[PDB]
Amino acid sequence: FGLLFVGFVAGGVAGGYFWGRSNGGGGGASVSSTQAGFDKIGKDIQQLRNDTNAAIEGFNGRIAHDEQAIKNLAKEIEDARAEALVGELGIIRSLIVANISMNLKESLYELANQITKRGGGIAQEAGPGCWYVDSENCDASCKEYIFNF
């Protein structure tokens, strides 16, 4: 119900970020549009996952120096070593994720201020992603100027 939460859907139905509307003459039945051109997003998603590499290049560059002179493989040793290393990696993953998860959701919070500062304080922050606009002092191409839908 607007940016801190994620809902689901069945059968067909696409997924993502869209545009919705609530009440009216008391009481309403809601109405959801079909996404805005929300292109600032896809520029950033493209930015972000292109940054991860920094840490990924870091993890890639670290291979420890070893020397066995022995003719037969040390397989438990090999795989303890491999298990430790995949272990360390799991952590790293978990952090890139949070590093996006936080930074993605920190820029979904750097788009919904663009929306709360154009028509303002008409907007009236119902927090983020969601707002309170009265059909009294803001209307129809005042609402195609602001939301972009």
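Basically, rigid core = biggest C-alpha set you can superpose within 1.5 Å across the two forms. The first residue of the shown sequence is 1; numbering continues from there.
Kindly name the stretch, out of 89 to 97 and 24 to 32, whose CA atoms are displaced more from this form in 4 other deposited structures of this protein after the core superposition? When 89 to 97 and 24 to 32 are compared in 4 other deposited structures of this protein, the bigger C-alpha shift is seen for 24 to 32.
On a core superposition, give the stretch, 56 to 64 or 119 to 127, with the larger average C-alpha separation from this form in 4 other deposited structures of this protein (RMS over structures and residues). It is 119 to 127 that deviates more in 4 other deposited structures of this protein.
Mean CA B-factor: is it higher for 42 to 50 or for 62 to 70? Stretch with the higher mean C-alpha B-factor: 42 to 50.
Averaged over C-alpha atoms, is the B-factor higher for 22 to 30 or for 100 to 108 in this PDB entry? The deposited B-factors put 22 to 30 ahead on the C-alpha mean.
With respect to the C-alpha temperature factors reported in the PDB entry, which of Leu85, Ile91, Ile122, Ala55 ranks highest? Top of the list by C-alpha B-factor: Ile122.
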